[PDB]
Amino acid sequence: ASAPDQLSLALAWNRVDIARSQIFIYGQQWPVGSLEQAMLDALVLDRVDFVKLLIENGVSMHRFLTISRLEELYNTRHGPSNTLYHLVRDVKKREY
Amino acid sequence: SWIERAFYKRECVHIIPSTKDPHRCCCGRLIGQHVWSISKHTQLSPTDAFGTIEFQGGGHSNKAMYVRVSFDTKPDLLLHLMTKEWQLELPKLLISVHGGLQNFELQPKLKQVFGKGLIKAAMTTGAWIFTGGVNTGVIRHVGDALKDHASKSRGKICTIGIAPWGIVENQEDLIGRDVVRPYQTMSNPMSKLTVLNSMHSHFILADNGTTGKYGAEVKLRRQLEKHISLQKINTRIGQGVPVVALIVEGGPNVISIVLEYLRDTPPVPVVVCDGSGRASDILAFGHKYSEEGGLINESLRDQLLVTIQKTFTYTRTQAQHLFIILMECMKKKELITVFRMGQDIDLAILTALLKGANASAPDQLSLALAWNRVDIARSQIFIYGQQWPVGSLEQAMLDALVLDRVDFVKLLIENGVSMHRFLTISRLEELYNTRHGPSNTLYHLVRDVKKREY
Amino acid sequence: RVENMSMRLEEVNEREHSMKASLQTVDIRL
Amino acid sequence: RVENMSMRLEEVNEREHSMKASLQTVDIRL
């Protein structure tokens, strides 16, 4: 299959070494923006070693960041329990 | 702009001789890919590939800045490029590591000893690393040893790789004029071209015009390394920078490079390592069963002949000719040292530096206290029959005392230097008003005492 | 000691494999 | 390390038994 689909299966599997020895194959075609989507999915899925992998194999952290990107990773539901909702509700209540 | 105006490059403009393949020319490139003078008819043009390399992938992101230089250039122009344009100080040690171009794997803790042992010696001397450039074989172990430590690139590790321009993959990607060219750590297994080592620092891409063939860098690297050794070292006592040659594995060709180093003015010491195999193991087996250097009996001679014809798969006359060159290296058995596993290559490299220095033993001791290495002193500077000048041991003892070297004081006490005869009132005073060493609270107390005295 | 013991047992087992190959080659010829 | 050392010494002692058998068979034929 396509290597972004292989990466998505790797983050579903929580297996980093399989990705670093097969999905980053020598001569693997990488689509424009697919690595960014994989990085975003690794960030919202709480995969620290996968973030280490995509940083190790390209993916400039300066060029990755966008205001809408940081916002869409700020309002995500997948992952651990979030106390940001209650705090943002209290802040918006006390604002006005 | 001074890089383009001073250094040159050459491009393959030939009659395209077919030889074996119709696409492959004398230079090995494709027949429609075109655009020494013997059979290649090359033309001289200013360089179009210099600047900086940004390594994407392959671990940490590191910049290794580069230049493509013609293979027949004088080394005086190149040394000005290291010193002025590339802002590199003169090294206090040059080491040049040779070996086999084929990839090999050694013992795992041989890789650990080679890992920590080299990079500790480069740190303690502030040395320059001279490899073959591409990421094959022994140089692949060099960049892996740099993966072990990395860290202080600010401490001038300086792994300058000298590789030919013809075999580095993605040559057209690395074309620029003082521009950051991104380069891949991808190396295609199907392609015969091999990539550069990812964790280097400087690159001397030497184009002879041909592509896919070696030999475009050996004559340039030898003339460069001689040119550094003529430069006077910063101590200015009458010696140049030391040069040693590190050998791992290698083919039958590297035996002749040993004799090139030994039969040279000034002689360059070499060091070998054991357990990798091939030419390093036959030079090791020559050294232990050697007697009086080239005085080798017949039974051990035939054992060396059958191991050459088995490991290097040579003929009878080729093994005999390699045995002749090995005997020519044997004459200078004192210049070579052999490292055996079972301790690192720090002691081997620094011992070879001591042997190839050929300086006075007080100067060797001063270099030892500068190095903070006691065992090198106790195994080489206190050699059997070493001449000791009158008072030089006392100066070494005084320098060890003011430099806070307790083990060196143990060494000079162990090897003479009566403590009663050492002491003088002016000696104790001059070691009482010294500034080298740790922080001293004696000044404030002596100021308070002299203030309260009157 | 177990660091050098493991390294030397990796070398000794490889040498025992070469011993097996040499003994099989010697037994094949006689 | 002693977990892999014990496993490899079980294999090495078995291979030494096979070495003993091969050496006895070679010595019987000559």
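So basically every Cβ, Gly included, is an ideal-geometry build from the backbone, and we count neighbours across all protein chains shown. Bear in mind these aren't lab numbers, they're just calculated from the coordinates by the rules spelled out.
So, with +1 on the Cβ of K and R and -1 on the Cβ of D and E, and no other charges, what is the size of the charge dipole of the range B:340-454 about its Cα centre, to the nearest 20 debye?
200 debye
Give me the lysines in straight-line cross-link reach of B:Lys152: C-alpha distance below 19 Å, same-chain residues under 8 apart excluded.
B:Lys63, B:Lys92, B:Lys116, B:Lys120
Suppose every K and R has +1 on its Cβ and every D and E has -1 on its Cβ; what is the size of the dipole of the range B:65-123 about the Cα centre, in Debye to the nearest 20?
Roughly 320 debye for the range B:65-123.
Hey, if you put +1 on the Cβ of every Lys and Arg and -1 on every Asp and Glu Cβ in the protein assembly as shown, which of A:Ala42, C:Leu30, B:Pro46 ends up farthest toward the positive end of that dipole?
After comparing all options, I get B:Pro46.
Quick check: Cα centre of the range B:32-61 to Cα centre of the range B:180-236, how many Å?
So the separation of the two Cα centres works out to 11 Å.
For chain A, what is the largest minus smallest coordinate of the Cα atoms on each principal axis, given in angstrom and ordered from greatest to least?
Computed over chain A, the largest-to-smallest principal extents equal 56, 26, 21 Å.
Let me make sure I get this right: for the range B:399-440, a, b and c are the square roots of the gyration tensor eigenvalues over alpha carbons, sorted descending. Under 1.5 in a/c it's rounded, otherwise prolate if a/b > b/c, else oblate. Which is it?
oblate
Which loop trypsin sites (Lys or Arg not before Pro) in the range A:1-79, with loop taken from DSSP, have no more than 15 other Cβ atoms within 10 angstrom of their Cβ?
The qualifying sites are A:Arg15, A:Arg77.
Would you mind counting up the charge near B:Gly115? Only other residues with Cβ under 15 Å from its Cβ, with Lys and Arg at +1 and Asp and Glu at -1.
So the surrounding residues net to 0.
For B:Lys333, which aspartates and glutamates qualify as cross-link partners when the Cα separation must be under 17 Å and same-chain residues fewer than eight apart are set aside?
In chain and number order, the partners are B:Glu260, B:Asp264, B:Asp274, B:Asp281, B:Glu291, B:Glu292.
Considering only C-alpha atoms, what is the centroid distance from the range B:384-454 to the range B:327-364, in Å?
Their Cα centres are 31 Å away from one another.
Kindly work out what percent of the DSSP beta bridges joining two residues of the protein assembly as shown are antiparallel, to the nearest 5.
20 percent
If I take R0 = 56 Å and measure r between the Cβ atoms of B:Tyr214 and A:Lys92 in this structure, what FRET efficiency does the formula 1/(1 + (r/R0)^6) give, to the nearest 0.05?
Plugging the Cβ-Cβ distance into 1/(1 + (r/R0)^6) gives 0.20.
Give, in whole angstrom and from largest to smallest, the semi-axes √(5λ) of the equivalent ellipsoid of chain B, with λ running over the eigenvalues of the Cα gyration tensor.
The answer is 46, 30, 19 Å, longest axis first.
Quote the charge dipole size of the range B:33-111 about the Cα centre in Debye, to the nearest 20; the model charges only the Cβ of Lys and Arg (+1) and of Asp and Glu (-1).
220 debye
Taking the label point 7 Å from Cα in the Cβ direction, how far apart in nm is C:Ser18 from each other copy of itself, listed shortest first?
1.8
Test of understanding: what is the full-extension gain from A:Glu72 to A:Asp17, defined as 0.36 nm times their sequence separation minus their Cα-Cα distance?
17.0 nm
Which one of B:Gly59, B:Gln33, B:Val69 has its Cα pushed farthest toward the positive end of the charge dipole of the range B:27-77, where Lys and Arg give +1 and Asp and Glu give -1 at the Cβ?
Highest projection toward the positive end goes to B:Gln33.
On a straight-distance basis, which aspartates and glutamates could pair with B:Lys84 in a cross-link, Cα separation under 14 angstrom, same-chain partners fewer than 8 positions away excluded?
The reachable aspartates and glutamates, counting only those whose Cα sits under 14 Å from B:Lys84, are B:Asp76.
What is the range B:196-327 by shape, rounded, prolate or oblate, if you read a ≥ b ≥ c off the alpha carbon gyration tensor as root eigenvalues and call it rounded for a/c under 1.5, prolate for a/b larger than b/c, and oblate otherwise?
Because a/c hits 1.5 or more and a/b fails to exceed b/c, the range B:196-327 counts as oblate.
Cα-Cα over 28 Å: which of B:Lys74/B:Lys213; B:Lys310/B:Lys331; B:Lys147/B:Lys226; B:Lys156/B:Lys288; B:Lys219/B:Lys355?
B:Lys147/B:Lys226; B:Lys156/B:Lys288, as the Cα separations exceed 28 Å there.
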